């Protein structure tokens, strides 16, 4: 199929693009490079074993979006593009709403204009809000996210829903991601955050590489087995694979298809730390700190539905997630080249 991957050059997108090419689809990446570098492109093609076309641009530019859609005869769109720093989202709300809410709205408006009606959206478990009922299940009604980032994701899911309702021929998958980690097995592709990493894994990796002193464990008094926060980590390659499958099986299948993308199990902060210590061959330095604002104690996905409907489930383990990350971190301490 002919797919446009917005945010194609970022973390999740790049991995997805490799898997898509491996499956022989024709890929067009659209990215504005605010959070990624052109250096990843050649890696994508190498690992993907096929050439992906790249277009530097912004989802907010409807006219360009429209043109791309048409120019490449796109069949489906996978939308990874947007801003995701939760804390920053609190400090800079307008930029989040603009890039996420208006950003998607301009893209789907361009789609309408070029008659493209297959969409895949990067959503998040955050949309469940403060749900005491775990694991989280697609049948649960949504809640209210605490940050501009999470609210922006729920607002988009709502706008897509309403759109499909008005244009019933559209197929729209709302993929609710859990906690993506890991990197391509080659160790030549991976997450390359700039500045202080906000997520656990990369932070741990940076401590291990010798860049950082100690990992600050945000809270040790939660109501969990070890008292640290519990989450559903999902290898980025499993996530990528899920995106190919969803795109191939749902194309032209009208409705809004919601699926949680997670391993279906929780791991605590310590469990992750221990996994990394083992991967890197040395104890990862850490200390206990106060709870992080807005953090929920524990949550993981109920991923039965994707198993059932798309015959998709993860296959990588936590150790693998840790090992693959250390391999990428260690092989490319400076990340992607300028």
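Positions refer to the first chain, counted from 1.
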Stretch with the greater mean C-alpha B-factor as recorded in the entry, comparing 212-220 against 153-161: 212-220
Stretch with the higher entry mean CA B-factor, where the candidates are 81-89 and 183-191: 183-191
Peak C-alpha temperature factor (PDB record), options 242, 202, 132, 145: 132
Identity of residue with top Cα B-factor, from 49, 297, 283, 294: 49
Chain third (lowest, middle, highest) by recorded CA B-factor, residue given as residue 312: middle
Residue 61 CA temperature factor, ranked by third within the chain: lowest
Record-listed C-alpha B factor of residue 169: chain third: highest
Cα B factor band for residue 39 (lowest, middle or highest third within the chain): highest
Where the record places residue 302 (Cα B-factor, split into thirds across the chain): lowest
